[PDB]
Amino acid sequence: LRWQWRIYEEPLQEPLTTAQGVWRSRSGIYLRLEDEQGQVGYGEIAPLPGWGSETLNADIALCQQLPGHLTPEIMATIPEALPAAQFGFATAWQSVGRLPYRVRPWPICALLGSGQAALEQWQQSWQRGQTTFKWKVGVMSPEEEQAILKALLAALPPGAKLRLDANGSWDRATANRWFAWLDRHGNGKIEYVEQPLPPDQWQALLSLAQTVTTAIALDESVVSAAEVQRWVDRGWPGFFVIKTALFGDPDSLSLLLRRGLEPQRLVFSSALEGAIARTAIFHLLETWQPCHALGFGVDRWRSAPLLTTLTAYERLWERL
């Protein structure tokens, strides 16, 4: 079938700041496939700067190197080193003549700002049906955040679930003290601590997960299928935060699941991708059927309403 690709550079609804810099926009590639009868398919390739080794420029080069027509064999030549590209082409191909997709509103995790702000930001989300939250930690001193956490756990309604995200900012000693605190004062409301240590300290990450009672989730540590596989083979007992748009061919996750990966240990999250990628992911969720709130409560930075009509895709494409 014939295909086309177009780059996109979209300003974020509002700036997002991390320890690796500040970004005011998200860029990527949109793929449009069309068969001999006029049926169309769409896909999105959007690697996230800093996450993994794949770069948008490498994806663009791939797109310029591929033949004017697509086939399963041709797409099989896409380098394993370009997981977002594998995702984009795979989802694009599968969507040909299948849009729009049947999807559903899975529970979404609500984010809570660092500091005391967490105590005033959960109410609105809870009143909108969100029962899982993720609070950013490792910003203030451990003592200060622990005091806030005690108050937060006491204030949250029965049934609330809370995730703590350290964004790999704690050093080994601080992480150890935190888990000791959680082991004691932690409420059955703590779902897990996300990335307590930076990815380079994998031995410490594994050791902590194998010894502390509070569950640990890998995020920054797991971008591609290759990294997830590596952690599965290392015997990771915790959770895996899967960013499907950056992962690779969706079939690779299904293969891992048929093997040593536990479905209950997965949390599907956003890589600040567009509506095409997000809708493709929700389509995939009809099969994987998540059992934890999705880390897609990122509307503040990038809103991407699910696409419910084929014309909606066409409009997005033509607007470029």
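Numbers follow the displayed sequence, beginning with 1.
Mean C-alpha B-factor comparison - 236-244 and 188-196, higher one: Averaging CA B-factors over each stretch, the winner is 188-196.
Selected stretch [higher average CA B-factor]: 172-180 or 70-78: Between 70-78 and 172-180, it is 70-78 that shows the higher mean C-alpha B-factor.
Among 273, 36, 286, 59, which residue carries the highest C-alpha B-factor recorded in the PDB entry? Reading the PDB entry, the winner on C-alpha B-factor is 36.
Consider only the C-alpha atoms of the modelled residues in this chain, order them by B-factor as the entry records it, and name the third containing residue 65: lowest, middle or highest. Highest third of the chain for residue 65's C-alpha B-factor.
Assigned third (lowest, middle, highest) for the C-alpha B factor of residue 30: Lowest third.
Quick check for you: using the entry's CA B-factors within this chain, is residue 221 in the lowest, middle or highest third? Answer is lowest: the recorded C-alpha B-factor places it there.
Quick check on the deposited entry: does the C-alpha B-factor of residue 263 sit in the lowest, middle or highest third of its chain? Its C-alpha B-factor belongs to the middle third of this chain's values.
Taking the C-alpha B-factors as the PDB entry records them, is residue 132 in the lowest, middle or highest third of its chain? Lowest third.
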